[PDB]
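Asker: Just need the structure, nothing else, for what follows:
(4 chains)
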Amino acid sequence: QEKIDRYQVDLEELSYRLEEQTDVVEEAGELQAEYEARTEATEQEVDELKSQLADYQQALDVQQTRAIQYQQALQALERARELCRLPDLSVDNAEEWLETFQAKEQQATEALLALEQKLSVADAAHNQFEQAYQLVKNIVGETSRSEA
Amino acid sequence: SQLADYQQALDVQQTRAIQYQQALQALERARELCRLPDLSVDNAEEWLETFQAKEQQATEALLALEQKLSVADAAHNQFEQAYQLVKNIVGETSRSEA
Amino acid sequence: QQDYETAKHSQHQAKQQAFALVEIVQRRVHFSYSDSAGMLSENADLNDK
Amino acid sequence: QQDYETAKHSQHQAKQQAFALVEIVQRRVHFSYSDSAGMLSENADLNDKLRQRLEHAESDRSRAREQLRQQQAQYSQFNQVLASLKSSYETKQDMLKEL
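Answerer: Numbering: from 1, shown residues only, chains lettered A, B, ... in the order given. Sure, the structure comes next:
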(Lines give C-alpha, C1' and ligand atoms only; values in the text may rest on other atoms or scores of the structure.)
Protein backbone atom coordinates (compact mmCIF):
# COMPACT_ATOMS: atom_id res chain seq x y z
CA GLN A 1 0.00 0.00 0.00
CA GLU A 2 2.81 2.37 0.91
CA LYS A 3 4.46 1.47 -2.40
CA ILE A 4 1.25 2.40 -4.23
CA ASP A 5 1.33 5.74 -2.43
CA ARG A 6 4.86 6.31 -3.69
CA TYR A 7 3.77 5.40 -7.23
CA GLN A 8 0.96 7.93 -6.97
CA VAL A 9 3.39 10.68 -5.98
CA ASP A 10 5.66 9.69 -8.86
CA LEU A 11 2.82 9.88 -11.36
CA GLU A 12 1.79 13.31 -10.08
CA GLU A 13 5.38 14.42 -10.57
CA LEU A 14 5.43 13.14 -14.13
CA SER A 15 2.08 14.83 -14.74
CA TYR A 16 3.56 18.20 -13.86
CA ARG A 17 6.65 17.55 -15.96
CA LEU A 18 4.47 16.58 -18.91
CA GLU A 19 2.45 19.77 -18.52
CA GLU A 20 5.62 21.83 -18.64
CA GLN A 21 7.14 19.99 -21.60
CA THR A 22 3.87 20.22 -23.49
CA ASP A 23 3.97 23.96 -22.94
CA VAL A 24 7.62 24.24 -23.93
CA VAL A 25 7.04 22.24 -27.10
CA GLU A 26 4.13 24.56 -27.87
CA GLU A 27 6.22 27.72 -27.66
CA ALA A 28 9.04 25.99 -29.52
CA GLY A 29 6.75 25.07 -32.39
CA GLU A 30 5.32 28.59 -32.33
CA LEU A 31 8.80 30.07 -32.68
CA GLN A 32 9.60 27.48 -35.34
CA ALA A 33 6.56 28.52 -37.37
CA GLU A 34 7.39 32.19 -36.87
CA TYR A 35 10.94 31.75 -38.12
CA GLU A 36 9.65 29.56 -40.93
CA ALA A 37 7.39 32.38 -42.06
CA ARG A 38 10.16 34.95 -41.64
CA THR A 39 12.73 32.90 -43.55
CA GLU A 40 10.15 32.34 -46.27
CA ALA A 41 9.48 36.07 -46.50
CA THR A 42 13.19 36.87 -46.55
CA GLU A 43 13.87 34.44 -49.38
CA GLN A 44 10.82 35.64 -51.32
CA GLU A 45 12.08 39.20 -50.99
CA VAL A 46 15.51 38.02 -52.10
CA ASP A 47 13.88 36.46 -55.16
CA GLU A 48 12.00 39.69 -55.82
CA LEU A 49 15.25 41.64 -55.78
CA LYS A 50 16.72 39.02 -58.10
CA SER A 51 13.85 39.61 -60.52
CA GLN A 52 14.18 43.38 -60.19
CA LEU A 53 17.87 43.27 -61.07
CA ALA A 54 17.26 40.76 -63.87
CA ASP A 55 14.11 42.60 -64.96
CA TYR A 56 15.54 46.08 -64.66
CA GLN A 57 12.83 47.01 -67.16
CA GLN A 58 10.61 46.63 -64.08
CA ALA A 59 11.12 50.41 -64.06
CA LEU A 60 11.07 50.99 -60.30
CA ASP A 61 7.31 50.39 -60.19
CA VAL A 62 7.92 47.96 -57.34
CA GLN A 63 10.30 50.53 -55.87
CA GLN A 64 7.53 53.13 -56.03
CA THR A 65 5.12 50.73 -54.36
CA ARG A 66 7.64 49.94 -51.62
CA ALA A 67 8.32 53.63 -51.05
CA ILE A 68 4.58 54.27 -50.75
CA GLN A 69 4.31 51.36 -48.33
CA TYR A 70 7.20 52.84 -46.39
CA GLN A 71 5.39 56.16 -46.15
CA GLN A 72 2.23 54.39 -45.05
CA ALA A 73 4.12 52.37 -42.45
CA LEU A 74 5.61 55.60 -41.13
CA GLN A 75 2.13 57.13 -40.99
CA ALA A 76 0.72 54.09 -39.20
CA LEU A 77 3.59 54.12 -36.71
CA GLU A 78 2.94 57.78 -35.95
CA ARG A 79 -0.78 57.11 -35.62
CA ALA A 80 -0.11 54.30 -33.15
CA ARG A 81 2.33 56.39 -31.12
CA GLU A 82 -0.56 58.83 -30.94
CA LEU A 83 -3.38 56.42 -30.07
CA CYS A 84 -1.18 54.43 -27.70
CA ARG A 85 0.44 57.70 -26.62
CA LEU A 86 3.83 56.00 -26.89
CA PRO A 87 6.24 58.44 -28.53
CA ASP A 88 8.84 56.05 -27.15
CA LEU A 89 8.18 53.33 -29.70
CA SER A 90 9.95 51.38 -32.41
CA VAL A 91 9.05 48.63 -34.84
CA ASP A 92 11.43 46.25 -33.07
CA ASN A 93 9.91 46.67 -29.60
CA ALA A 94 6.35 47.51 -30.66
CA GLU A 95 5.67 43.79 -30.30
CA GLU A 96 6.21 44.09 -26.56
CA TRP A 97 3.63 46.83 -26.17
CA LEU A 98 1.36 44.86 -28.49
CA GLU A 99 1.40 41.84 -26.20
CA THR A 100 1.18 44.20 -23.22
CA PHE A 101 -2.00 45.80 -24.49
CA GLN A 102 -3.18 42.34 -25.47
CA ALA A 103 -3.01 41.49 -21.78
CA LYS A 104 -4.66 44.85 -21.11
CA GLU A 105 -7.51 44.04 -23.48
CA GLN A 106 -7.82 40.58 -21.95
CA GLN A 107 -8.21 42.18 -18.54
CA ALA A 108 -10.77 44.67 -19.85
CA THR A 109 -12.72 41.93 -21.63
CA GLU A 110 -12.71 39.63 -18.60
CA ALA A 111 -13.88 42.47 -16.38
CA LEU A 112 -16.66 43.41 -18.78
CA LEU A 113 -17.54 39.70 -19.06
CA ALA A 114 -18.15 39.48 -15.33
CA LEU A 115 -20.06 42.73 -15.77
CA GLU A 116 -22.15 41.19 -18.55
CA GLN A 117 -23.06 38.22 -16.36
CA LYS A 118 -24.01 40.55 -13.51
CA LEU A 119 -26.13 42.74 -15.79
CA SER A 120 -27.77 39.65 -17.28
CA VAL A 121 -28.74 38.34 -13.84
CA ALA A 122 -29.82 41.89 -12.92
CA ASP A 123 -32.92 41.07 -14.97
CA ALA A 124 -34.27 39.59 -11.73
CA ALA A 125 -37.23 41.76 -10.83
CA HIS A 126 -37.36 44.00 -7.78
CA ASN A 127 -39.31 41.41 -5.80
CA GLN A 128 -36.47 38.88 -5.67
CA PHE A 129 -33.97 41.34 -4.20
CA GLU A 130 -36.50 42.22 -1.52
CA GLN A 131 -37.56 38.68 -0.65
CA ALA A 132 -33.94 37.62 -0.29
CA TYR A 133 -33.17 40.74 1.76
CA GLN A 134 -36.01 40.25 4.24
CA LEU A 135 -35.27 36.52 4.46
CA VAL A 136 -31.70 37.35 5.47
CA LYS A 137 -32.97 40.02 7.85
CA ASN A 138 -35.40 37.62 9.52
CA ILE A 139 -32.76 34.92 9.89
CA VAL A 140 -29.87 37.07 11.13
CA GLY A 141 -31.64 40.30 12.04
CA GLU A 142 -31.18 43.71 10.51
CA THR A 143 -28.39 43.77 7.93
CA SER A 144 -27.43 46.11 5.12
CA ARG A 145 -28.37 45.22 1.56
CA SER A 146 -24.75 45.54 0.45
CA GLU A 147 -23.78 43.05 3.17
CA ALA A 148 -26.85 40.88 2.56
CA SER B 1 22.09 36.79 -63.38
CA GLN B 2 22.70 36.26 -67.10
CA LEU B 3 19.41 37.96 -67.98
CA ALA B 4 20.38 40.88 -65.76
CA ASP B 5 23.75 41.09 -67.49
CA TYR B 6 22.23 40.93 -70.97
CA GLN B 7 19.61 43.59 -70.27
CA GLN B 8 22.05 45.85 -68.38
CA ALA B 9 22.50 48.20 -71.34
CA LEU B 10 18.86 47.88 -72.36
CA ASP B 11 17.10 49.18 -69.24
CA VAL B 12 19.67 51.68 -67.92
CA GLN B 13 18.69 54.54 -70.27
CA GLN B 14 15.06 54.81 -69.23
CA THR B 15 14.76 58.58 -69.84
CA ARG B 16 11.84 58.76 -67.35
CA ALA B 17 9.58 58.39 -70.41
CA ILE B 18 8.54 54.76 -69.88
CA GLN B 19 7.85 55.72 -66.27
CA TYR B 20 4.34 57.15 -66.59
CA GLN B 21 2.91 53.92 -68.00
CA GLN B 22 3.14 52.50 -64.48
CA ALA B 23 0.70 55.25 -63.54
CA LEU B 24 -1.53 54.05 -66.38
CA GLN B 25 -1.63 50.47 -65.13
CA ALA B 26 -2.17 51.68 -61.56
CA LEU B 27 -5.15 53.76 -62.65
CA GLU B 28 -6.59 50.86 -64.62
CA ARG B 29 -6.05 48.42 -61.74
CA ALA B 30 -7.96 50.78 -59.48
CA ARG B 31 -10.68 51.08 -62.12
CA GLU B 32 -11.29 47.34 -62.02
CA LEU B 33 -10.72 47.02 -58.27
CA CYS B 34 -12.84 50.09 -57.50
CA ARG B 35 -16.20 49.88 -59.24
CA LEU B 36 -15.57 53.35 -60.67
CA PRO B 37 -15.16 53.17 -64.45
CA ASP B 38 -15.36 56.98 -64.47
CA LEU B 39 -12.49 57.04 -61.97
CA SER B 40 -10.14 59.79 -63.12
CA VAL B 41 -6.89 60.86 -61.50
CA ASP B 42 -8.63 64.21 -60.95
CA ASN B 43 -11.75 62.99 -59.13
CA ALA B 44 -9.83 60.05 -57.65
CA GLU B 45 -9.24 62.10 -54.49
CA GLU B 46 -12.93 62.29 -53.64
CA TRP B 47 -13.08 58.54 -54.18
CA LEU B 48 -9.99 58.14 -52.01
CA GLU B 49 -11.53 60.02 -49.09
CA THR B 50 -14.90 58.32 -49.56
CA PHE B 51 -13.36 54.85 -49.56
CA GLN B 52 -11.31 55.86 -46.53
CA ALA B 53 -14.56 56.80 -44.81
CA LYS B 54 -16.02 53.42 -45.72
CA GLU B 55 -12.85 51.64 -44.62
CA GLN B 56 -12.73 53.33 -41.22
CA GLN B 57 -16.43 52.64 -40.76
CA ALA B 58 -15.68 49.00 -41.58
CA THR B 59 -12.89 48.95 -39.01
CA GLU B 60 -15.19 50.43 -36.36
CA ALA B 61 -17.89 47.85 -37.07
CA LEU B 62 -15.21 45.17 -37.02
CA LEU B 63 -14.05 46.34 -33.59
CA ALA B 64 -17.58 46.33 -32.19
CA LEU B 65 -18.12 42.83 -33.54
CA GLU B 66 -14.77 41.96 -31.99
CA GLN B 67 -15.78 43.28 -28.57
CA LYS B 68 -18.93 41.18 -28.52
CA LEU B 69 -17.02 38.26 -30.04
CA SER B 70 -14.39 38.41 -27.30
CA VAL B 71 -16.89 38.59 -24.47
CA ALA B 72 -18.86 35.73 -26.05
CA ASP B 73 -15.94 33.37 -26.67
CA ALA B 74 -14.58 34.03 -23.19
CA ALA B 75 -18.02 33.23 -21.76
CA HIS B 76 -18.00 29.98 -23.70
CA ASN B 77 -14.56 29.37 -22.21
CA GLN B 78 -15.79 29.61 -18.63
CA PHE B 79 -18.70 27.39 -19.65
CA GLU B 80 -16.12 24.85 -20.80
CA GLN B 81 -14.05 25.25 -17.64
CA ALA B 82 -17.09 24.50 -15.50
CA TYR B 83 -17.72 21.47 -17.69
CA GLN B 84 -14.18 20.17 -17.22
CA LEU B 85 -14.31 20.75 -13.47
CA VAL B 86 -17.56 18.80 -13.32
CA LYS B 87 -16.19 15.91 -15.36
CA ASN B 88 -13.02 15.74 -13.29
CA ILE B 89 -14.98 15.69 -10.04
CA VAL B 90 -17.71 13.28 -11.16
CA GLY B 91 -16.91 12.24 -14.71
CA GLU B 92 -18.92 12.34 -17.90
CA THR B 93 -22.16 14.32 -17.85
CA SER B 94 -24.05 16.64 -20.15
CA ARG B 95 -23.80 20.40 -19.85
CA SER B 96 -27.49 20.52 -18.93
CA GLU B 97 -26.77 18.37 -15.87
CA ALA B 98 -23.71 20.49 -15.12
CA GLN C 1 -17.48 34.84 -35.15
CA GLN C 2 -18.96 34.23 -38.59
CA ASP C 3 -20.20 37.81 -38.68
CA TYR C 4 -16.84 39.19 -37.57
CA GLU C 5 -15.09 37.10 -40.21
CA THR C 6 -17.30 38.68 -42.85
CA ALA C 7 -16.61 42.12 -41.40
CA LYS C 8 -12.88 41.42 -41.54
CA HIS C 9 -13.12 40.44 -45.19
CA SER C 10 -15.04 43.60 -46.00
CA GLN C 11 -12.53 45.68 -44.05
CA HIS C 12 -9.63 44.15 -45.95
CA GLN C 13 -11.28 44.91 -49.27
CA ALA C 14 -11.98 48.48 -48.22
CA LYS C 15 -8.35 48.88 -47.18
CA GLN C 16 -7.10 47.49 -50.48
CA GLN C 17 -9.32 49.86 -52.45
CA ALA C 18 -8.19 52.79 -50.32
CA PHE C 19 -4.58 51.85 -51.01
CA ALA C 20 -5.22 51.67 -54.75
CA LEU C 21 -6.72 55.16 -54.59
CA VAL C 22 -3.65 56.32 -52.65
CA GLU C 23 -1.53 54.83 -55.43
CA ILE C 24 -3.43 56.83 -58.04
CA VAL C 25 -2.91 59.97 -55.97
CA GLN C 26 0.82 59.30 -55.69
CA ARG C 27 1.24 58.56 -59.40
CA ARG C 28 -0.72 61.61 -60.52
CA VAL C 29 2.69 63.26 -60.88
CA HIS C 30 3.97 60.47 -63.13
CA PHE C 31 0.76 60.82 -65.13
CA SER C 32 1.66 64.51 -65.44
CA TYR C 33 4.38 63.79 -68.03
CA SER C 34 2.42 61.03 -69.75
CA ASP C 35 3.16 62.68 -73.11
CA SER C 36 6.79 61.53 -72.94
CA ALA C 37 8.04 58.54 -74.93
CA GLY C 38 11.26 56.62 -75.42
CA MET C 39 12.96 53.84 -77.31
CA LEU C 40 11.96 50.26 -76.55
CA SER C 41 12.22 46.62 -77.68
CA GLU C 42 15.84 46.84 -78.78
CA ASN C 43 16.98 43.43 -77.47
CA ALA C 44 13.55 42.07 -76.53
CA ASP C 45 13.82 38.85 -78.55
CA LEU C 46 16.79 37.35 -76.71
CA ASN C 47 15.60 38.86 -73.44
CA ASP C 48 12.20 37.25 -73.98
CA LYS C 49 13.68 33.85 -74.84
CA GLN D 1 -25.13 49.93 -15.97
CA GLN D 2 -23.13 53.17 -15.86
CA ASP D 3 -20.00 51.30 -14.80
CA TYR D 4 -20.58 48.77 -17.56
CA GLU D 5 -20.89 51.34 -20.33
CA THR D 6 -17.68 52.86 -18.99
CA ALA D 7 -15.95 49.47 -19.07
CA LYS D 8 -17.30 48.99 -22.60
CA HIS D 9 -15.66 52.21 -23.73
CA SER D 10 -12.44 51.12 -22.04
CA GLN D 11 -12.64 47.85 -23.98
CA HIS D 12 -13.09 49.93 -27.13
CA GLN D 13 -9.93 51.89 -26.33
CA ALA D 14 -8.00 48.68 -25.80
CA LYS D 15 -9.42 47.29 -29.05
CA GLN D 16 -8.39 50.28 -31.14
CA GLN D 17 -4.91 50.47 -29.63
CA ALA D 18 -4.30 46.75 -30.06
CA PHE D 19 -5.56 46.93 -33.64
CA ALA D 20 -3.19 49.80 -34.42
CA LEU D 21 -0.22 47.97 -32.93
CA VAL D 22 -1.18 44.90 -34.95
CA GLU D 23 -1.29 47.03 -38.09
CA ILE D 24 2.24 48.30 -37.54
CA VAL D 25 3.31 44.73 -36.83
CA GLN D 26 2.00 44.00 -40.31
CA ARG D 27 3.92 46.97 -41.69
CA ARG D 28 7.10 45.64 -40.09
CA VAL D 29 8.57 44.82 -43.50
CA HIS D 30 7.42 48.14 -44.95
CA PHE D 31 9.76 49.92 -42.56
CA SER D 32 12.47 47.96 -44.35
CA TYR D 33 11.28 49.82 -47.45
CA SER D 34 13.06 52.86 -46.04
CA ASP D 35 15.88 51.63 -48.27
CA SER D 36 13.33 51.27 -51.06
CA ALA D 37 12.09 54.80 -50.39
CA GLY D 38 15.62 56.17 -50.53
CA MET D 39 16.41 53.89 -53.47
CA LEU D 40 13.39 55.24 -55.33
CA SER D 41 14.61 58.81 -54.80
CA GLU D 42 17.68 58.06 -56.94
CA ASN D 43 15.72 58.89 -60.11
CA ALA D 44 18.77 57.65 -62.03
CA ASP D 45 20.88 54.52 -62.44
CA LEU D 46 20.53 52.62 -59.18
CA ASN D 47 21.23 48.95 -59.99
CA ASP D 48 24.24 49.05 -57.65
CA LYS D 49 22.02 49.99 -54.72
CA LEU D 50 19.65 47.24 -55.82
CA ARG D 51 22.53 44.76 -55.76
CA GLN D 52 23.66 45.97 -52.34
CA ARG D 53 20.13 45.56 -51.02
CA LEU D 54 19.94 42.10 -52.58
CA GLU D 55 23.21 41.12 -50.91
CA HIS D 56 21.91 42.41 -47.59
CA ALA D 57 18.77 40.35 -48.11
CA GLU D 58 20.95 37.32 -48.85
CA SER D 59 22.81 37.80 -45.57
CA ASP D 60 19.52 38.26 -43.72
CA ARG D 61 18.06 35.17 -45.38
CA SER D 62 21.09 33.05 -44.49
CA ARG D 63 20.93 34.31 -40.90
CA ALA D 64 17.22 33.48 -40.77
CA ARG D 65 17.94 30.05 -42.23
CA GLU D 66 20.50 29.26 -39.54
CA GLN D 67 18.18 30.65 -36.88
CA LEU D 68 15.45 28.38 -38.21
CA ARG D 69 17.75 25.35 -38.26
CA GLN D 70 18.92 25.79 -34.69
CA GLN D 71 15.38 26.54 -33.52
CA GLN D 72 14.28 23.38 -35.31
CA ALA D 73 16.93 21.33 -33.52
CA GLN D 74 15.87 22.85 -30.21
CA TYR D 75 12.22 22.12 -30.90
CA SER D 76 13.03 18.53 -31.85
CA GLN D 77 14.96 18.21 -28.60
CA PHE D 78 11.94 19.42 -26.66
CA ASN D 79 9.83 16.96 -28.61
CA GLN D 80 11.95 13.95 -27.69
CA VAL D 81 12.12 14.97 -24.02
CA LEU D 82 8.34 15.36 -23.97
CA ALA D 83 7.96 11.94 -25.61
CA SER D 84 10.29 10.45 -23.01
CA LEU D 85 8.13 11.93 -20.27
CA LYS D 86 5.13 10.41 -22.02
CA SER D 87 6.70 6.95 -22.11
CA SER D 88 7.84 7.19 -18.50
CA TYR D 89 4.40 8.30 -17.36
CA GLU D 90 2.70 5.54 -19.32
CA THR D 91 4.96 2.90 -17.79
CA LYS D 92 4.62 4.24 -14.25
CA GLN D 93 0.85 4.51 -14.57
CA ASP D 94 0.66 0.97 -15.96
CA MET D 95 2.63 -0.26 -12.97
CA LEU D 96 0.22 1.65 -10.75
CA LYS D 97 -2.75 -0.19 -12.25
CA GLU D 98 -0.93 -3.48 -11.87
CA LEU D 99 -0.14 -2.91 -8.20
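
Asker: rest of the way, CA atoms for contacts and neighbours
Answerer: Fine.

Asker: Residue C:1 against residue B:68, yeah?
Answerer: No. Using C-alpha atoms under 8 Å, residue C:1 makes no contact with residue B:68, being 9.3 Å away.

Asker: Please say which of these two ends up with more neighbours.
Answerer: Set residue C:1 next to residue B:68 and count neighbours by other C-alpha atoms under 10 Å in any protein chain shown: residue B:68 wins out with 16 against 13.

Asker: Give the other helices and strands that the one helix or strand the more buried one maps to contacts.
Answerer: Assigned by DSSP states H and E, residue B:68 belongs to helix B:44-90. The contact analysis (3 or more C-alpha pairs under 8 Å, 6 or more residues apart in numbering or on different chains; DSSP states H and E) places helix B:44-90 against helix A:94-121, helix C:2-32, helix D:2-26.

Asker: Dump the ones you listed to CSV, plus distance to residue B:17.
Answerer: Formatted as CSV, the helices and strands packed on helix B:44-90 follow (distance: least, C-alpha to C-alpha, whole Å):
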stretch, distance to residue B:17
helix A:94-121, 41
helix C:2-32, 9
helix D:2-26, 34
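
Asker: Not counting its neighbours along the chain, what's nearest the spatially most central residue of chain A?
Answerer: When C-alpha atoms, centre = their mean is applied to chain A, the residue found nearest the centroid is residue A:102 (4.2 Å). Nearest residue to residue A:102 in three dimensions, chain neighbours excluded: residue D:18, at 6.5 Å (C-alpha to C-alpha, 6 or more residues apart in numbering or on different chains).

Asker: Now do the helix holding residue B:68 and helix A:94-121, the angle between them.
Answerer: If you take axes from the mean of the first three to the mean of the last three C-alpha atoms, to 10 degrees, helix B:44-90 sits at 70 degrees to helix A:94-121.

Asker: Could you tell me the angle between the direction of helix B:44-90 and that of helix C:2-32?
Answerer: Going by the same axes, to 10 degrees, helix B:44-90 makes 150 degrees with helix C:2-32.

Asker: correct me, but residue A:89 touches residue A:79?
Answerer: No. In this structure, residue A:89 is not within contact of residue A:79 by C-alpha under 8 Å, at 11.4 Å.

Asker: that older thread, you'd agree the residue nearest to residue A:102 is up against residue A:101?
Answerer: Yes. The pair residue D:18 / residue A:101 is scored as a contact, 6.1 Å apart, by C-alpha under 8 Å.

Asker: Between these two, which contacts overlap?
Answerer: Overlap of the contact sets of residue D:18 and residue A:101 (by C-alpha atoms under 8 Å, 6 or more residues apart in numbering or on different chains) is empty.

Asker: which residue does chain A bring closest to chain B?
Answerer: In chain A, the residue that lies nearest chain B is residue A:54 (3.6 Å; C-alpha to the nearest C-alpha).

Asker: Tell me which residues touch the spatially closest residue to that residue that is not a sequence neighbour, please.
Answerer: With sequence-adjacent residues excluded and distances taken as C-alpha to C-alpha, 6+ apart, residue A:54 is closest to residue B:4, at 3.6 Å. Neighbouring residues of residue B:4 by C-alpha under 8 Å, 6+ apart: A:53, A:54, A:55, A:56.

Asker: Relative to chain C, how far out is the first one?
Answerer: Between residue A:53 and chain C the distance, using C-alpha to the nearest C-alpha, to the nearest Å, works out to 13 Å.

Asker: can you check the last one too?
Answerer: If you measure residue A:56 against chain C using C-alpha to the nearest C-alpha, the figure is 11 Å.

Asker: next one: residue A:67
Answerer: Distance from residue A:67 to chain C, by C-alpha to the nearest C-alpha: 10 Å.

Asker: try residue A:94
Answerer: 22 Å.

Asker: Repeat that for residue A:132.
Answerer: 39 Å.

Asker: Any figure for the gap between that residue and chain D?
Answerer: Distance from residue A:132 to chain D, by C-alpha to the nearest C-alpha: 22 Å.

Asker: Please apply the same query to residue A:59.
Answerer: Distance from residue A:59 to chain D, by C-alpha to the nearest C-alpha: 10 Å.

Asker: for that residue, phi and psi?
Answerer: phi 60, psi 50 (degrees, to the nearest 10).

Asker: do residue C:34 as well
Answerer: According to degrees, to the nearest 10, residue C:34 has phi -60, psi -20.

Asker: Next up, the contacts around it.
Answerer: Per C-alpha under 8 Å, 6+ apart, neighbours of residue C:34: B:17, B:20, B:21.
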